[PDB]
Amino acid sequence: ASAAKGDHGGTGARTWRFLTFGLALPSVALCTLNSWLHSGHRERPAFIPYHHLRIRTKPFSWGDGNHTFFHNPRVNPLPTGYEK
Amino acid sequence: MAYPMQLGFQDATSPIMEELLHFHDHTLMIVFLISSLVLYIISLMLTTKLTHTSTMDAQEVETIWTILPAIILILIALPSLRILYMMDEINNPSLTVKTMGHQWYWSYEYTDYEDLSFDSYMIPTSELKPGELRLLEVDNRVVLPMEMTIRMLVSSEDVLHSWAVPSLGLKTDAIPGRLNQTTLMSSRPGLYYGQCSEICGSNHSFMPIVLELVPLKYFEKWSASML
Amino acid sequence: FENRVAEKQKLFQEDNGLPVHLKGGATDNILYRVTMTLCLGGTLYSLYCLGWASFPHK
Amino acid sequence: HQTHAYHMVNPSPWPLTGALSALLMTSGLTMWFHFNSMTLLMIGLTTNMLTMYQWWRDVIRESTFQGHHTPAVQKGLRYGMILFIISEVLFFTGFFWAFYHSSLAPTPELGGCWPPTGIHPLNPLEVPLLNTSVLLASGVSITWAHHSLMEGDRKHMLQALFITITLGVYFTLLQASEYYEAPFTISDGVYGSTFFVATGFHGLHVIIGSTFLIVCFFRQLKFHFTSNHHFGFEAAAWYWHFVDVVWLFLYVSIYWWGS
Amino acid sequence: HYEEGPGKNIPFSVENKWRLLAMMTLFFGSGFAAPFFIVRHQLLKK
Amino acid sequence: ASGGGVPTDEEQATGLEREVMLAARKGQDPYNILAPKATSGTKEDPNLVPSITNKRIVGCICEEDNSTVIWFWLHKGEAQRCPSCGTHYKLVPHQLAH
Amino acid sequence: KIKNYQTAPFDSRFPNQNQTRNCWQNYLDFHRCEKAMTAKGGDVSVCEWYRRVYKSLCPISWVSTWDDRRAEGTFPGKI
Amino acid sequence: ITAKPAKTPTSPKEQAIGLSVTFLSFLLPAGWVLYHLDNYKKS
Amino acid sequence: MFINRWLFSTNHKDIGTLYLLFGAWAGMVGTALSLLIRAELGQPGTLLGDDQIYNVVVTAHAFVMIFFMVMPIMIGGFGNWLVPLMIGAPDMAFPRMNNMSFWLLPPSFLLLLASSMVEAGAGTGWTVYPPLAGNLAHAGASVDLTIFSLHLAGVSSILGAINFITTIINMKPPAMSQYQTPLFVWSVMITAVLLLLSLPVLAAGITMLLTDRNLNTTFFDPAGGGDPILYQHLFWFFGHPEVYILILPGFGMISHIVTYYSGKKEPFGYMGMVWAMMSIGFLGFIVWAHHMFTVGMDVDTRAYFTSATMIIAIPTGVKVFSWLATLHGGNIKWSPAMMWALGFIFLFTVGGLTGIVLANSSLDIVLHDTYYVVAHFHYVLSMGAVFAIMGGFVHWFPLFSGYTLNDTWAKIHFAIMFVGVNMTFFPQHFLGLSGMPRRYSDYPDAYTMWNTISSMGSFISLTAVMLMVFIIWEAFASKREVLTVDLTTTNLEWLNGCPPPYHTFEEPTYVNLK
Ligand SMILES: CCCCCCCCCCCCCCCCCC(=O)OCC(COC(=O)CCCCCCCCCCCCCCCCC)OC(=O)CCCCCCCCCCCCCCCCC
Ligand code: HEA
Ligand code: HEA
Ligand SMILES: CCCCC/C=C\C/C=C\C/C=C\C/C=C\CCCC(=O)O[C@H](COC(=O)CCCCCCCCCCCCCCCCC)COP(=O)(O)OCCN
Ligand SMILES: CCCCC/C=C\C/C=C\C/C=C\C/C=C\CCCC(=O)O[C@H](COC(=O)CCCCCCCCCCCCCCCCC)COP(=O)(O)OCCN
Ligand SMILES: CCCCC/C=C/C/C=C\CCCCCCCC(=O)O[C@H](COC(=O)CCCCCCCCCCCCCCC)COP(=O)(O)OCC[N+](C)(C)C
Ligand SMILES: CCCCCC/C=C\CCCCCCCCCC(=O)O[C@H](COC(=O)CCCCCCCCCCCCCCC)COP(=O)(O)OC[C@@H](O)CO
Ligand SMILES: CCCCCC/C=C\CCCCCCCCCC(=O)O[C@H](COC(=O)CCCCCCCCCCCCCCC)COP(=O)(O)OC[C@@H](O)CO
Ligand SMILES: CCCCCC/C=C\CCCCCCCCCC(=O)O[C@H](COC(=O)CCCCCCCCCCCCCCC)COP(=O)(O)OC[C@@H](O)CO
Ligand SMILES: CCCCCCCCCCO[C@@H]1OC(CO)[C@@H](O[C@H]2O[C@@H](CO)[C@@H](O)[C@H](O)[C@@H]2O)[C@@H](O)[C@H]1O
Ligand SMILES: CCCCCCCCCCO[C@H]1O[C@H](CO)[C@@H](O[C@H]2O[C@@H](CO)[C@@H](O)[C@H](O)[C@@H]2O)[C@@H](O)[C@H]1O
Ligand SMILES: C[C@H](CCC(=O)O)[C@H]1CC[C@@H]2[C@H]3[C@H](O)C[C@@H]4C[C@@H](O)CC[C@]4(C)[C@@H]3C[C@@H](O)[C@@]21C
Ligand SMILES: C[C@H](CCC(=O)O)[C@H]1CC[C@H]2[C@@H]3[C@H](O)C[C@@H]4C[C@H](O)CC[C@]4(C)[C@H]3C[C@H](O)[C@]12C
Ligand code: CUA
Ligand SMILES: [Cu+2]
Ligand SMILES: [Mg+2]
Ligand code: NA
Ligand SMILES: [Zn+2]
Ligand SMILES: [Zn+2]
Ligand SMILES: [Zn+2]
Ligand SMILES: [Zn+2]
Ligand SMILES: [Zn+2]
Ligand SMILES: [Zn+2]
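Throughout, a per-chain count from 1 in the order the sequence is written supplies the residue numbers; the entry may number residues differently, and those without coordinates are omitted. Chains and ligands are labelled sequentially in the order written, the chains with letters from A and the ligands with numbers from 1. A larger assembly contains the chains displayed, and the values given here are confined to that displayed part. The basis for the side-chain values is all heavy atoms of the structure; hydrogens and waters are excluded.

If you look chain H up in the PDB entry, it shows as Cytochrome c oxidase polypeptide VIII-heart from Bos taurus. UniProt positions are given in the numbering used here, feature names are shortened, and annotations may be inferred rather than shown by experiment. Under the Subcellular location heading, UniProt states for chain H: "Mitochondrion inner membrane".

By the naming in the PDB entry, chain E goes by Cytochrome c oxidase polypeptide VIIc and is assigned to Bos taurus. Chain E has a UniProt comment under Subcellular location that states "Mitochondrion inner membrane". Within the UniProt record for chain E, the comment given under Sequence similarities is "Belongs to the cytochrome c oxidase VIIc family."

Spelled out as structure tokens, the structure:
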């Protein structure tokens, strides 16, 4: 590809700043817009004591040895299901 | 099994292991020849007062000793591959037996028709009957029909193990969660031994494999009685 | 801010036969001692811990 | 007394303190994992931090202040970083090998399908897409920063560098949130395994790279970089790109193709 | 500056051949001995 | 859109790199960075090997594209010859640091 | 009826040493064919084939375990 | 290679000492543990 | 002043010396372990106990001999000593990081010894395969410490690899091209590259094994969708390169030694030797599955690996013949080092030929996991790598110490070790073919004869190793200082006298571009 713009006669600082503020950052603006739109807490699915998930071969070296590191009560069930 | 003061391979019981033997024989010849050649030449370079320490040209003789070993590897790969394709060959079995490794014994399962299964342990040195082999005997042998194409499926229920039967040329790893296929076919009746071939813990040296190759008929009776 | 690199070049080239990790002044010394102390102390402690774990507590 | 361009380094304690802090960290981890105690780990981390701090403070001293970084010495440092990066790549390749192995031949315990039964992937068109744009953006802003430095524009180099840093931080924060909001955990089988480990390590490098950039920022602040001699910045930039590219591979492999 | 020349470029002293024999003895011996005492140690836990 | 505030090599280079930069501006090679071009290596036109003591090691690549390099100490005094091809080398001692 | 089964024959869909899928496949095929016949009013005699095959190949413990799971309601496969 | 005569010649007698001392540093600690092997297995 | 020189060093010579000391000590440990092994198999029945303690020994034997003896000596030792000098460099590119590469090994070793101290040790085989290495069949700290030990050994060697490459690339005399550097320098670089590429992988693998064991991941656990076989791929991906990494520097030293004592100014076919070493290094990255012929892979795959592995014989064959050609027409100096080299040439060929035998996945089925494999690798390691280390050591000892060794005592040490190792490993070819499996504490009665002979050879080798220590002391006790050394014109490392000064090549060599 060649993109859809042009410059190249000389790729110097002014050019790269131009890209930063007129493409890069706006990209991140849209993606932030989009992201903070399709967000919203999606209905946590029904718990099923599946034997291939919520694995426990050794207690975790923190807490009560049964909660994952970034454990989220709202969406991370314990081997025995969701919390109170 | 192996005898005292053995040099080569345990005698070939299957046609496949008969194949490997003949292949190992032409291969080993080359191994001898080359290793002895080197040795001779080493001696040849070391047995003379004559000298020539000035520069010696290389691009002319490198064609000789590149192309030569080259042609040799090919004289080892060719029979090696045809034989490899042989072991994979489609054959259509009469029976199917599964074996599962466990720390530290082999369990067997013949479930084509009946739901026959049994554990197989090594007979301790202390309970061996007169004339029985130390470390090699099991309480429950794997009875099988001589002169019949059989399908063995190997797996394990804990750590890794490996099912081996030297005389027939067999070794397949017993991997938990996996089902490894390999075909068996004895050209003769009798007792055939092997040992666990993959470190599996404390008693890895003590969990052999014995196969009893009898004719179809007795095999059937035995199946039935084993119920 | 102002460019003070020249002051620093002078200080660090000041021929006092000091090794670069201490040539910055008295602070360097302190930091180094803390570091070295921790390392060695921690090392002993670890040796202690290997010892403790080497024997069963049934 | 010497007639060559190379650098003869003053004997230093850091290699030792470093080798030692490694010993304390590995031990500290064993202590924690098995005998529930962070004490060792604590010290190990602390000495590691001090070692790195002092060891790199000295390298700044030897170059900006003492002028030991002749072109030959700088040329050598370039090969050094490129080589380091390569190994880092191969390291990640390990995790990619793993993920590819697991997702191309899913086992019966997952349900012989990918993703496994019971796994609900994050939407690749949501935060993951955003992270993707953030790192790409930092790649641009860091390039503006570079071309500003090479043109001797201090104010703009600082501006560009600052933004670049703010983006890396933002990625880190977004990722932290995503780690939390994630319905799956590291304990959720091979998916959760290959996921959090790979992205977990990448996240770490993001933090390292950000740290490095932060350092380059302050050194810029104190005028250490000349429009022509600024290898410390050159490296942080190369590293940052490596990080940027790894993320591209992750996004495509794990978040996109693997959902 | 550091001492240069034979017997000066090493961390152990070679002044006295006997003190040295002892030195080398403790060194090489301690290493060889180690596995044995570990084996011993493992047999003595159970 | 533009400005300054970033030191240049000329203004900030210090230590050995400065010396190299300066000596490099004068077309000199004090810190042996370039590969010296060979004379005809004859008795009359030997290869002038700079130095800062009474000897220096010479590496003689007799013919272009030779893989073996002949090494020997070049002593102050009478011009010596490469044990291999016999080209002549003459030491031309001291100075560098004024 | 069209049987006289000795042992599961060669399946061109699983020609390598790894047979894990072969077993797994046939175990799924049966319980699926079985649920269709029990549902729509028909005879499970048609799903005989798979039952024999999976039985021949699958380790008792695998079968035992997968069955314990379809009951517990935690079978990962789609049936 | 050419070398200067020994600055501190090691006479045969001295060597025998060296050799012996050497072998003993290897052989003794091991020989010990190896000897009390049985005393170890069941103790 | 002692600390500054030995704990804070930045001198390539000192650091290589430190490596040489570490390597020697570790060699003692590894030899001890090797004897405990052969003792158990000495006569039938059990000596130490079951397979757990036995295998904790076999595992450490490997780790120590490899990571703590052969690599530190060849690379950190002869590497840091010889490389700079061979290219006229003042030191290494990052002489300070080079120190850290060294100071990682003791902690690395410490962790290894610590794993055999706690719990029951890690009786997992040096390959540490799961699930036997998992937190269930091997619960406890043991395996976790072995891992960390590998990590430290890993970081060390990776950094070491960077230094050697940067150095060999950037720090040569302006006129010297890569095709003008000595073979040993080449070999060191190539090796440094394999390390760079292979090690990070091993690091990723064992790290997955660590998490599976402490973080509930299941990379190699079927219960979670994992696969034990994955670890194998990751491991051997590094594992094969590693074997080549253990022999290349040896190839380097051999080329110098054979040339030197052949009375030659140069090794036969230089470019050929460079090609060869690079080919090998290359092919050593696409043949790892030759270690997995029995885990049952597609026949096409096993066909490929059989083919690929066998090709390595061609470049390797070149080297051997070149070595013979270097001897060709030389004025042979039957010194010790020459003897080790001649020893190496032959023995190594044998271990390589058998390596080729194992290449056939057909034949490997029956030979895999037997003693035939042990025979092959001990022939190229305990005879290949080891012989090269010996030769290099006797040869350059004068240069490192300033003293000379008693040549006759040296020729005696050679004769003993020669008999020892052969008697030790040759009979294992029989045991392998006749079916004796690996990692067995006891064996069926028919295997009694050969196992007894083997254990006996291992004892002669013990006698030999003790002698060596003595010979070393002897040279250090007598103090025969070095005067003259022949062939310096083509052995630049010797040109600054024995031992050269702390600071060498402060003033760069003079080389004409022409
Ligand atoms: C230590 C115990 C020895 C036991 C000996 C045999 C007893 C036979 C009884 C009674 C003998 C007759 C009745 C039985 C016939 C069985 C035939 C069989 O089943 O056949 C297959 C068997 C037996 O093969 C044989 O047919 C035996 C071959 C022996 C070759 C020995 C070379 C020995 C050199 C020095 C002595 C050994 C130590 C040093 C070895 C150094 C490396 C070779 O298994 C092998 O494949 C073993 C070898 C594996 C591969 C090693 C390859 C390179 C070896 C040597 C190259 C040297 C070249 C220069 C020439 C040699 C120069 C030194
Ligand atoms: C290169 C490394 C190396 C070396 C040299 C050796 C040397 C020895 N090893 Fe082995 N060995 C391994 C690496 C090595 N080995 C590995 C990787 C395994 C497989 C592990 C596994 O399966 O998990 C193995 C396995 C192994 C087994 C099989 C165990 C089993 O299957 O149960 C046996 C048994 O015979 C054995 C024997 C020996 C013997 C008798 C020696 C003797 O020959 C040793 C004689 C002593 C020396 C040759 C030491 C010399 C070097 C020095 C001491 C440096 C000295 C100082 C200076 C010069 C500076 N080794
Ligand atoms: C020093 C390290 C070293 C070296 C360099 C080699 C070299 C080779 N090795 Fe390996 N090998 C090991 C160390 C080494 N090996 C180890 C440690 C193991 C066991 C690992 C473990 O399980 O822990 C092993 C295992 C191993 C296996 C796995 C077997 C099994 O576990 O079942 C195989 C597979 O093919 C093999 C083959 C080879 C081959 C083909 C070579 C080739 O590179 C050899 C090439 C050399 C030559 C061919 C000789 C010279 C050639 C000529 C004179 C020309 C003519 C040749 C012909 C025409 C035939 N080796
Ligand atoms: C915010 C994004 C950045 C990620 C890193 C930041 C914080 C975590 C701390 C250290 C992480 C560094 C590397 C990654 C190592 C393991 C993967 C961790 C990735 C991560 O953080 O994954 C988390 C698991 O945390 C866990 O167990 C982690 C448990 C923490 C202990 C770390 C274990 C240390 C093991 C390190 C091994 C070192 C070997 C490396 C060697 C390198 C080469 C030699 C996921 O949380 P979860 O609740 O399961 O699912 C979330 C559900 N809401
Ligand atoms: C599915 C997998 C998923 C995982 C993937 C994850 C990530 C993707 C991979 C990569 C992307 C990451 C970052 C890229 C950004 C910057 C990297 C830096 C490159 C750079 O900017 O390089 C410059 C120039 O090119 C140079 O180095 C050229 C010189 C290079 C020298 C170093 C190499 C030496 C090492 C060994 C040599 C190899 C030999 C080749 C022949 C072998 C044949 C078989 C700097 O100059 P210098 O060193 O002084 O050289 C002087 C030559 N001009
Ligand atoms: C799978 C296993 C493979 C098996 C290997 C087979 C080995 C090959 C066997 C024979 C090779 C024949 C090479 C012929 C070269 C001629 C030898 C000679 O004589 O050597 C020189 C040639 O230079 C030159 O090629 C340089 C000197 C000689 C060049 C070749 C010598 C090296 C040969 C190898 C050494 C033995 C190692 C063999 C390896 C297995 C002499 O030079 P000239 O006569 O011009 O000058 C002298 C002055 N006059 C004119 C007055 C006489
Ligand atoms: C690279 C350029 C050279 C080109 C030559 C080709 C070599 C490698 C690339 C090919 C990778 C894709 C091929 C996949 C197609 C098959 C899909 C599959 O299914 O393969 C799977 C594994 O693939 C997997 O993870 C494969 C995982 C990757 C393994 C390859 C290792 C090389 C990596 C290191 C190189 C460093 C590069 C640096 C990066 C910039 C599983 O194995 P199967 O045996 O099927 O098990 C199923 C059984 O139930 C039935 O028998
Ligand atoms: C919470 C955070 C803690 C996490 C732990 C790690 C923390 C931070 C790591 C960030 C790295 C900081 C590195 C800063 C280096 C500063 C020294 C520097 O940048 O030194 C420069 C040389 O580059 C040099 O050595 C280049 C030096 C290379 C260093 C880069 C290495 C990255 C480290 C990664 C470690 C982990 C590996 C992955 C784990 C699996 C100096 O040369 P110049 O700039 O040209 O100056 C001279 C001019 O002024 C002349 O006019
Ligand atoms: C389970 C936990 C395991 C933990 C293991 C931890 C191991 C060690 C921890 C402590 C180490 C950190 C201390 C700082 C090290 C900095 C080295 C550095 O920055 O080294 C530089 C060279 O490498 C360069 O540039 C480029 C290369 C930069 C290398 C940075 C070192 C980071 C160490 C981690 C490497 C991980 C391997 C990655 C692959 C998995 C400088 O070379 P020196 O000889 O110093 O100087 C030469 C002079 O001319 C400088 O003026
Ligand atoms: C594989 C490496 C090992 C190689 C083989 C070892 C070579 C010989 C070592 C000699 O060592 C010893 O010999 C003893 C027997 O001769 C012991 O003495 C012991 O035995 C006694 C005498 O029979 C007693 O006097 C004491 O109590 C004592 O424990 C014992 O201490 C030990 O040091
Ligand atoms: C190669 C580079 C990588 C090197 C290794 C990475 C090091 C990672 C450090 C992790 O350490 C931690 O461990 C803990 C566990 O001890 C934590 O506390 C926690 O754990 C508990 C102790 O049981 C509880 O009291 C608390 O709720 C709390 O969350 C926690 O905050 C965190 O700092
Ligand atoms: C003071 C300095 C000007 C040059 C000098 O030091 O004399 C100015 C110019 C540009 C820099 C800034 C850039 O304009 C970018 C940043 C923008 C601000 O919103 C916050 C701080 C910010 C991170 C910077 C802080 C500021 O103090 C800097 C460092
Ligand atoms: C062309 C290259 C370098 C020559 C030089 O610049 O001196 C040389 C070095 C090694 C040679 C290779 C080795 O001799 C090995 C092979 C030998 C066969 O004679 C031809 C191809 C063969 C693969 C060679 C081709 C070529 O002549 C090579 C590759
Ligand atoms: Cu089963 Cu070992
Ligand atoms: Cu290999
Ligand atoms: Mg195996
Ligand atoms: Na025994
Ligand atoms: Zn000086
Ligand atoms: Zn500069
Ligand atoms: Zn730049
Ligand atoms: Zn010349
Ligand atoms: Zn359940
Ligand atoms: Zn000096």
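### Structural notes on the coordination of the zinc ion (ligand 18)
Of the protein atoms, only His-1 of chain D (ND1), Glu-506 of chain I (OE) and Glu-506 of chain I (OE) coordinate the zinc ion (ligand 18), at distances of 2.0 to 2.4 Å. Metal-to-metal, the separation of the zinc ion (ligand 18) and the zinc ion (ligand 23) is 2.9 Å. Here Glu-506 of chain I lies in the loop between β1 (482–484) and β2 (510–511) and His-1 of chain D lies in the segment before α1 (14–35), a pairing that spans two chains. Each residue's exposure class comes from its accessible area (1.4 Å probe, protein chains only) as a fraction of the maximum for that residue type: buried when under 20%, exposed when over 50%, partly exposed otherwise. Note on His-1 of chain D: relative accessible area 77%, which makes it exposed. Owing to a relative accessible area of 28%, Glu-506 of chain I belongs among the partly exposed residues under this scheme. Here the term donor refers to an N, O or S atom within 2.8 Å of the metal (or 3.2 Å for Na, K and Ca), and because water is left out of the atoms, sites may appear incomplete. For helices the rule is a DSSP run of H or I covering at least 4 residues; for strands it is a run of E covering at least 2, with both sets numbered from the N terminus onward.

### Points about the UniProt feature "transmembrane region" in chain H
The UniProt feature table records "transmembrane region" at residues 12–35 of chain H. Helix makes up 100% of residues 12–35 of chain H and strand 0%, whereas the separation of the span's terminal C-alpha atoms amounts to 32 Å.

### With respect to the sheet that holds strand β2 (residues 55–60) of chain F
Overall, mixed pairing links the 3 strands, which are arranged β3(F)-β2(F)-β2(I) in an open sheet. The outermost strands of the open sheet, each flanked by one partner alone, are β3 (70–75) of chain F together with β2 of chain I. As judged from the 2 bridges shared by β2 of chain F and β2 of chain I, these two strands associate in the parallel manner. Bridged to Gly-59 of chain F within β2 of chain I is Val-511 of chain I. DSSP-based pairing: two strands are paired if at least 2 bridges between them are found.

### Digging into the arrangement of the chains
Contacts between protein chains span 19 pairs of chains, and they are most numerous for chains B and I. Separating chain B from chain D is a minimum C-alpha gap of 8 Å, and the two share no contact. For chain C and chain H, which are not in contact, the least C-alpha distance works out to 15 Å. Working rule for contacts: check all heavy atoms of both residues, and any pair within 4.5 Å makes them a contact.

### Describing the site of ligand 6
In these notes, residues near a molecule or strand are those with any non-hydrogen atom within 4 Å of it. Around ligand 6 lies a shell of 15 residues, among which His-52, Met-56, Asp-57 and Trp-65 of chain B together with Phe-321 of chain I are the nearest. Flanking ligand 6 are residues from chains B and I. At the level of elements, α2 (64–88) of chain B together with α11 (313–327) of chain I are the ones that each hand at least two residues to the shell around ligand 6. The element that contributes the greatest number of residues to the shell around ligand 6 is α2 of chain B, accounting for 4 residues. Under the scheme applied, nonpolar residues are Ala, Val, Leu, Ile, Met, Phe, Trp, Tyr, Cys and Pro; charged residues are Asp, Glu, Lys and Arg; polar residues are all the others, including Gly. Of the residues in the shell around ligand 6, the class split is 10 nonpolar, 3 polar and 2 charged.

### A closer look at the state of the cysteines
The term disulfide is used for any two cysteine sulfur atoms that are within 2.5 Å. Throughout the structure, instances matching the rule amount to 2 disulfides over all chains. A sulfur-sulfur separation of 2.0 Å characterises the disulfide bridge that pairs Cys-23 of chain G with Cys-58 of chain G. On the sign convention where negative means left-handed, the S-S torsion of about 120 degrees between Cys-23 of chain G and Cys-58 of chain G marks this disulfide as right-handed. In this pair, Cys-23 of chain G is assigned in helix α1 (residues 20–39) and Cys-58 of chain G in the loop between α2 (48–57) and α3 (60–72), connecting sequence segments 35 residues apart. Judged by relative accessible area, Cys-23 of chain G falls into the buried class, the value being 0%. Here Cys-33 of chain G connects covalently by a disulfide to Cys-47 of chain G, the sulfurs 2.0 Å from one another. The S-S bond linking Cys-33 of chain G to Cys-47 of chain G shows a torsion near -85 degrees; that makes this disulfide left-handed. You can see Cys-33 of chain G sitting in helix α1 and its partner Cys-47 of chain G sitting in the loop between α1 and α2, a full 14 residues away along the chain. Classification of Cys-47 of chain G by relative accessible area gives buried; the value is 0%. Left unpaired, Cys-113 of chain D is separated from the closest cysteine sulfur, that of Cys-23 of chain G, by 17 Å.

### Quick notes on the coordination of the zinc ion (ligand 22)
Around the zinc ion (ligand 22), the protein contributes the donor atoms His-51 of chain A (NE2), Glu-72 of chain G (OE) and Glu-72 of chain G (OE), which lie 2.1 to 2.2 Å from the metal centre. Taken together, the residues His-51 of chain A in the segment after α1 (13–38) and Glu-72 of chain G in helix α3 connect one chain to another. Relative accessible area serves as the criterion here: at 42%, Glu-72 of chain G is assigned to the partly exposed category.

### Comments concerning the packing of helix α2 (residues 12–40) of chain I against helix α3 (residues 51–86) of chain I
Residue and element names in this part refer to chain I. A fitted line through C-alpha atoms represents every axis, and for helices the fit uses only the stretch in contact; the resulting angles, taken between N-to-C directions, go from 0 to 180 degrees. Running from amino to carboxyl end, α2 crosses α3 at an angle of 155 degrees, the nearest separation of the two axes being 7 Å. By the angle between their axes, α2 is roughly antiparallel relative to α3. The way α2 lies across α3 gives a crossing that is left-handed. Here the residues of the contact of α2 with α3 are counted per class, giving 24 nonpolar, 12 polar and 2 charged. The labels follow the angle: roughly parallel below 35 degrees, roughly antiparallel above 145, roughly perpendicular from 65 to 115, and oblique for the rest. We call a crossing left-handed when the near helix sits turned anticlockwise from the far one by less than a right angle, and right-handed when that turn is clockwise.

### Describing the interface of chain I and chain B
Between chain I and chain B, the residue contacts involve 85 residues of the former and 77 residues of the latter. Together, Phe-268, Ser-362 and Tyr-440 of chain I form the three largest contributors to the area buried by chain I at its contact with chain B, with a combined 8%. Any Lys or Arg side-chain nitrogen located within 4 Å of an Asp or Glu carboxyl oxygen qualifies as a salt bridge. Summed over the shared surface of chain I and chain B, the number is 2 salt bridges. We note a salt bridge from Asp-442 of chain I to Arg-134 of chain B, for which the minimum N-O separation is 2.5 Å. Contacts described as polar in this section are N or O atom pairs within 3.5 Å, which, within protein, must combine one atom able to donate a hydrogen with one able to accept it, while residues neighboring in sequence count only if both atoms come from side chains. Here chain I and chain B share 26 residue pairs in polar contact between them. Taken together, the elements giving at least two residues each to the side of chain I that touches chain B come down to α3, α7 (228–245), α10 (299–311), α11, α12 (336–359), α13 (361–367), α16 (428–433) and α17 (448–478) of chain I. Once two parts are put together, the accessible area they lose, assessed with a 1.4 Å probe and summed over both, is termed the buried area.

### Some points on the interface of chain G and chain A
The interface of chain G with chain A comprises 6 residues on the first partner and 5 residues on the second. Interface area, chain G with chain A, both sides summed: about 410 Å², of which 61% is carbon and sulfur. The tally of links from chain G across to chain A stands at 0 salt bridges. Between the two partners, chain G and chain A, sit 1 residue pair in polar contact. The class makeup of the residues in the side of chain G that touches chain A is 2 nonpolar, 2 polar and 2 charged.

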